[PDB]
file query.cif (mmCIF, C-alpha atoms and all ligand atoms)
data_coords
loop_
_atom_site.label_atom_id
_atom_site.label_comp_id
_atom_site.auth_asym_id
_atom_site.auth_seq_id
_atom_site.Cartn_x
_atom_site.Cartn_y
_atom_site.Cartn_z
CA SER O 3 5.93 -4.66 -11.26
CA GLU O 4 3.91 -6.17 -8.42
CA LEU O 5 4.77 -3.36 -6.00
CA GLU O 6 3.76 -0.75 -8.58
CA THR O 7 0.44 -2.45 -9.32
CA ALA O 8 -0.24 -2.54 -5.57
CA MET O 9 0.24 1.19 -5.07
CA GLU O 10 -1.91 1.68 -8.16
CA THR O 11 -4.63 -0.36 -6.41
CA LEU O 12 -4.39 1.83 -3.31
CA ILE O 13 -4.95 4.95 -5.43
CA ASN O 14 -7.75 3.44 -7.53
CA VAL O 15 -9.63 2.09 -4.50
CA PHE O 16 -9.49 5.45 -2.74
CA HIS O 17 -11.10 7.33 -5.64
CA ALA O 18 -13.61 4.57 -6.32
CA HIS O 19 -15.28 5.61 -3.04
CA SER O 20 -13.97 9.18 -2.87
CA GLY O 21 -15.68 10.33 -6.03
CA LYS O 22 -19.31 9.72 -5.03
CA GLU O 23 -20.38 12.85 -3.07
CA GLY O 24 -19.05 16.40 -3.25
CA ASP O 25 -15.29 16.70 -3.55
CA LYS O 26 -14.25 13.71 -5.66
CA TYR O 27 -10.76 13.59 -4.04
CA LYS O 28 -11.88 13.62 -0.38
CA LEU O 29 -13.77 10.92 1.52
CA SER O 30 -16.80 12.14 3.42
CA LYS O 31 -18.09 9.87 6.21
CA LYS O 32 -20.51 8.07 3.88
CA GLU O 33 -17.59 7.37 1.55
CA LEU O 34 -15.13 6.45 4.31
CA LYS O 35 -17.67 4.14 5.83
CA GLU O 36 -18.36 2.71 2.41
CA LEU O 37 -14.67 2.09 1.85
CA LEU O 38 -14.19 0.58 5.30
CA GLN O 39 -17.17 -1.82 5.14
CA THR O 40 -16.49 -2.87 1.54
CA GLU O 41 -12.67 -3.01 1.51
CA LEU O 42 -11.96 -3.87 5.19
CA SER O 43 -14.79 -6.15 6.36
CA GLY O 44 -14.76 -6.48 10.15
CA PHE O 45 -12.48 -3.50 10.86
CA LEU O 46 -15.26 -1.73 12.83
CA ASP O 47 -16.55 -2.80 16.26
CA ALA O 48 -17.50 -1.59 19.78
CA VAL O 52 -22.25 4.20 19.69
CA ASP O 53 -20.81 4.83 16.26
CA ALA O 54 -17.22 3.84 15.54
CA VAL O 55 -17.12 5.56 12.11
CA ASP O 56 -16.96 8.93 13.87
CA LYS O 57 -13.93 7.93 15.85
CA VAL O 58 -12.06 6.83 12.80
CA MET O 59 -12.31 10.09 10.89
CA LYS O 60 -11.52 11.96 14.11
CA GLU O 61 -8.16 10.20 14.16
CA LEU O 62 -7.30 10.46 10.46
CA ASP O 63 -8.58 14.00 9.71
CA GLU O 64 -5.22 15.60 10.41
CA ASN O 65 -5.91 19.14 9.17
CA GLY O 66 -9.45 18.80 10.53
CA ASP O 67 -11.83 19.57 7.65
CA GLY O 68 -14.18 16.63 8.20
CA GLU O 69 -12.98 14.62 5.21
CA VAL O 70 -10.18 12.09 4.68
CA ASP O 71 -7.88 12.85 1.73
CA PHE O 72 -5.31 10.51 0.17
CA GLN O 73 -2.38 11.26 2.49
CA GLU O 74 -4.44 10.67 5.63
CA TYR O 75 -5.82 7.51 3.98
CA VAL O 76 -2.27 6.36 3.34
CA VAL O 77 -1.56 6.86 7.07
CA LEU O 78 -4.24 4.25 7.64
CA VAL O 79 -3.16 1.74 4.99
CA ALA O 80 0.37 1.88 6.40
CA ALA O 81 -0.63 1.00 9.97
CA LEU O 82 -2.94 -1.81 8.83
CA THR O 83 -0.13 -3.17 6.65
CA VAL O 84 2.44 -3.30 9.49
CA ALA O 85 -0.03 -5.02 11.86
CA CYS O 86 -1.05 -7.57 9.23
CA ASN O 87 2.68 -8.23 8.65
CA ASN O 88 3.44 -8.97 12.33
CA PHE O 89 0.49 -11.36 12.38
CA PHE O 90 1.75 -13.44 9.44
CA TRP O 91 5.52 -13.13 9.79
CA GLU O 92 6.70 -13.99 13.28
CA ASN O 93 9.69 -16.18 14.17
CA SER O 94 7.28 -18.65 15.79
CA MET U 1 -10.80 -14.19 -0.31
CA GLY U 2 -9.60 -10.69 0.44
CA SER U 3 -10.78 -7.38 -0.93
CA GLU U 4 -8.98 -5.44 -3.58
CA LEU U 5 -7.50 -3.22 -1.00
CA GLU U 6 -6.56 -6.18 1.13
CA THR U 7 -4.97 -8.03 -1.75
CA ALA U 8 -2.85 -5.01 -2.54
CA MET U 9 -1.70 -4.74 1.06
CA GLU U 10 -0.68 -8.38 1.03
CA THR U 11 1.42 -7.75 -2.02
CA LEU U 12 3.38 -5.10 -0.23
CA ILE U 13 4.08 -7.44 2.67
CA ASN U 14 4.92 -10.25 0.27
CA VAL U 15 7.25 -8.16 -1.79
CA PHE U 16 9.18 -7.15 1.27
CA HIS U 17 9.51 -10.75 2.36
CA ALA U 18 10.56 -11.70 -1.14
CA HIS U 19 13.80 -9.75 -0.75
CA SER U 20 14.16 -9.75 3.03
CA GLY U 21 14.61 -13.51 3.23
CA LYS U 22 17.68 -13.81 1.01
CA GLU U 23 20.46 -13.56 3.64
CA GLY U 24 21.01 -12.52 7.24
CA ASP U 25 17.89 -11.64 9.18
CA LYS U 26 14.94 -13.03 7.20
CA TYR U 27 12.85 -10.11 8.55
CA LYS U 28 15.26 -7.23 7.65
CA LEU U 29 16.62 -5.94 4.32
CA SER U 30 20.43 -5.75 4.12
CA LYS U 31 22.25 -3.32 1.82
CA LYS U 32 22.51 -5.91 -0.94
CA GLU U 33 18.88 -7.01 -0.48
CA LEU U 34 17.67 -3.40 -0.56
CA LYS U 35 19.48 -2.88 -3.86
CA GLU U 36 17.71 -5.94 -5.20
CA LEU U 37 14.29 -4.72 -4.18
CA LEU U 38 14.72 -1.26 -5.72
CA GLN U 39 16.04 -2.53 -9.03
CA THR U 40 13.30 -5.16 -9.48
CA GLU U 41 10.25 -3.46 -7.91
CA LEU U 42 10.78 0.18 -9.09
CA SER U 43 10.87 0.44 -12.89
CA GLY U 44 12.25 4.01 -12.73
CA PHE U 45 15.06 3.60 -10.19
CA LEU U 46 18.39 5.06 -11.37
CA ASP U 47 21.86 4.51 -9.91
CA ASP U 53 25.56 5.11 -4.90
CA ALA U 54 21.88 5.99 -4.55
CA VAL U 55 21.16 2.85 -2.51
CA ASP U 56 23.35 4.15 0.24
CA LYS U 57 21.21 7.23 0.35
CA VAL U 58 18.04 5.16 0.47
CA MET U 59 19.63 3.15 3.30
CA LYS U 60 20.69 6.07 5.51
CA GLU U 61 17.33 7.74 4.82
CA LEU U 62 15.20 4.72 5.84
CA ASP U 63 17.40 3.28 8.62
CA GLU U 64 15.67 5.24 11.35
CA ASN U 65 17.02 3.05 14.17
CA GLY U 66 20.56 2.81 12.76
CA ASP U 67 21.24 -0.92 12.70
CA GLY U 68 22.34 -0.99 9.05
CA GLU U 69 19.24 -2.86 7.79
CA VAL U 70 15.67 -1.93 6.86
CA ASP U 71 12.94 -3.75 8.77
CA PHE U 72 9.26 -3.77 7.80
CA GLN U 73 8.17 -0.65 9.76
CA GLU U 74 10.89 1.32 7.96
CA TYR U 75 10.14 -0.13 4.54
CA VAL U 76 6.53 1.01 4.83
CA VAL U 77 7.86 4.54 5.24
CA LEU U 78 9.18 4.09 1.70
CA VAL U 79 6.02 2.54 0.23
CA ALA U 80 3.85 5.23 1.81
CA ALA U 81 5.97 8.13 0.55
CA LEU U 82 6.11 6.52 -2.89
CA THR U 83 2.33 5.93 -2.97
CA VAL U 84 1.53 9.61 -2.43
CA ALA U 85 4.22 10.48 -4.99
CA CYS U 86 2.62 8.12 -7.47
CA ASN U 87 -0.71 9.77 -6.81
CA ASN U 88 0.77 13.23 -7.37
CA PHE U 89 2.20 12.19 -10.74
CA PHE U 90 -1.30 11.44 -12.07
CA CA I 1 -16.09 12.68 -2.08
CA CA I 2 -8.62 15.79 6.31
CA CA I 3 17.69 -10.38 5.02
CA CA I 4 16.72 -0.39 10.61
#
call {"tool": "encode", "arguments": {"input": "query.cif", "output": "structure tokens"}}
result
Amino acid sequence: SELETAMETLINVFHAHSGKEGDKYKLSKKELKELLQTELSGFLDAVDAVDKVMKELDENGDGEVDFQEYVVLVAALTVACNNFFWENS
Amino acid sequence: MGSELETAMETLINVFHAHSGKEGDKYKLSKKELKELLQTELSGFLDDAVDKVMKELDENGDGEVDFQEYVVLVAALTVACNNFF
């Protein structure tokens, strides 16, 4: 089903950039940045914003973003994108 | 032209709107609409389990699931899908 394919895409995208350096299930900054710039063009602004973004997602604090912390991100970006396209104008 | 990640996110939002706009508030899932979503979008869903899924997701207690509460479901399911692999 469409929903199931979508969650499959979220998993596959994560590992497509998570499996490039070191632990193939955790995103280091080079992999997080790679995911952000390639999958979310324009999400970064403002002096290095990439540091801020792992600082917020790295919940346990090991310097890498795993799947659950990455899902915390996808969720917030999904709800904001929804409010932007689905308002009782 | 969105990215693969972006396309997938759109699908989630679209799926929710696909069942949310059937009756009542076009931006909230009623009990009947929630049943419809589970049965069509989750190939494994067995079944009153919908009541459980309602009381579990209805954080604010209005009797309907809005988007912010439906993402709680999608997120929990996504990590659960990832565990299964
Ligand atoms: Ca890695
Ligand atoms: Ca972490
Ligand atoms: Ca509705
Ligand atoms: Ca609610």
call {"tool": "residues_near_ligand", "arguments": {"input": "query.cif", "ligand": "ligand CA 3 (chain I)", "cutoff": "12 Å", "atoms": "only C-alpha atoms and all ligand atoms", "output": "list in words"}}
result
residues 16, 17, 18, 19, 20, 21, 22, 23, 24, 25, 26, 27, 28, 29, 30, 31, 32, 33, 34, 35, 36, 37, 68, 69, 70, 71 and 72 of chain U
call {"tool": "atom_distance", "arguments": {"input": "query.cif", "atom1": "CA of residue 46 (chain U)", "atom2": "CA of residue 84 (chain O)"}}
result
27.6 Å
call {"tool": "residues_near_ligand", "arguments": {"input": "query.cif", "ligand": "ligand CA 1 (chain I)", "cutoff": "10 Å", "atoms": "all atoms listed in the file", "output": "PyMOL selection string"}}
result
chain O and resi 16-34+69-71
call {"tool": "residues_around", "arguments": {"input": "query.cif", "residues": "region 74-89 of chain U", "least_positions_apart": "5", "cutoff": "8 Å", "atoms": "all atoms listed in the file", "output": "PDB file with C-alpha atoms, keeping the file's coordinate frame"}}
result
ATOM      1  CA  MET O   9       0.240   1.190  -5.070  1.00  0.00           C
ATOM      2  CA  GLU O  10      -1.910   1.680  -8.160  1.00  0.00           C
ATOM      3  CA  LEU O  12      -4.390   1.830  -3.310  1.00  0.00           C
ATOM      4  CA  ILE O  13      -4.950   4.950  -5.430  1.00  0.00           C
ATOM      5  CA  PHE O  72      -5.310  10.510   0.170  1.00  0.00           C
ATOM      6  CA  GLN O  73      -2.380  11.260   2.490  1.00  0.00           C
ATOM      7  CA  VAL O  76      -2.270   6.360   3.340  1.00  0.00           C
ATOM      8  CA  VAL O  77      -1.560   6.860   7.070  1.00  0.00           C
ATOM      9  CA  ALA O  80       0.370   1.880   6.400  1.00  0.00           C
ATOM     10  CA  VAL O  84       2.440  -3.300   9.490  1.00  0.00           C
TER      11      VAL O  84
ATOM     12  CA  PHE U  16       9.180  -7.150   1.270  1.00  0.00           C
ATOM     13  CA  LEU U  62      15.200   4.720   5.840  1.00  0.00           C
ATOM     14  CA  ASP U  63      17.400   3.280   8.620  1.00  0.00           C
ATOM     15  CA  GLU U  64      15.670   5.240  11.350  1.00  0.00           C
TER      16      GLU U  64
END
call {"tool": "residues_near_ligand", "arguments": {"input": "query.cif", "ligand": "ligand CA 2 (chain I)", "cutoff": "7 Å", "atoms": "only C-alpha atoms and all ligand atoms", "output": "ChimeraX atom specification"}}
result
/O:62-71,74
call {"tool": "interface_residues", "arguments": {"input": "query.cif", "of": "chain U", "to": "chain O", "cutoff": "7 Å", "atoms": "all atoms listed in the file", "output": "list in words"}}
result
residues 3, 4, 5, 6, 8, 9, 11, 12, 13, 15, 41, 73, 76, 80, 83, 84 and 87 of chain U
call {"tool": "write_last_selection", "arguments": {"input": "query.cif", "atoms": "C-alpha atoms", "output": "PDB file, in the frame of the given file"}}
result
ATOM      1  CA  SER U   3     -10.780  -7.380  -0.930  1.00  0.00           C
ATOM      2  CA  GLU U   4      -8.980  -5.440  -3.580  1.00  0.00           C
ATOM      3  CA  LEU U   5      -7.500  -3.220  -1.000  1.00  0.00           C
ATOM      4  CA  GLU U   6      -6.560  -6.180   1.130  1.00  0.00           C
ATOM      5  CA  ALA U   8      -2.850  -5.010  -2.540  1.00  0.00           C
ATOM      6  CA  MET U   9      -1.700  -4.740   1.060  1.00  0.00           C
ATOM      7  CA  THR U  11       1.420  -7.750  -2.020  1.00  0.00           C
ATOM      8  CA  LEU U  12       3.380  -5.100  -0.230  1.00  0.00           C
ATOM      9  CA  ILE U  13       4.080  -7.440   2.670  1.00  0.00           C
ATOM     10  CA  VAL U  15       7.250  -8.160  -1.790  1.00  0.00           C
ATOM     11  CA  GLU U  41      10.250  -3.460  -7.910  1.00  0.00           C
ATOM     12  CA  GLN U  73       8.170  -0.650   9.760  1.00  0.00           C
ATOM     13  CA  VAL U  76       6.530   1.010   4.830  1.00  0.00           C
ATOM     14  CA  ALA U  80       3.850   5.230   1.810  1.00  0.00           C
ATOM     15  CA  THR U  83       2.330   5.930  -2.970  1.00  0.00           C
ATOM     16  CA  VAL U  84       1.530   9.610  -2.430  1.00  0.00           C
ATOM     17  CA  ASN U  87      -0.710   9.770  -6.810  1.00  0.00           C
TER      18      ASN U  87
END
call {"tool": "atom_distance", "arguments": {"input": "query.cif", "atom1": "CA of residue 44 (chain O)", "atom2": "CA of residue 61 (chain O)"}}
result
18.4 Å
call {"tool": "closest_residue", "arguments": {"input": "query.cif", "among": "U:59, U:42, U:54, U:1", "to": "ligand CA 4 (chain I)", "atoms": "all atoms listed in the file"}}
result
U:59
call {"tool": "atom_distance", "arguments": {"input": "query.cif", "atom1": "CA of residue 89 (chain O)", "atom2": "CA of residue 67 (chain U)"}}
result
23.2 Å
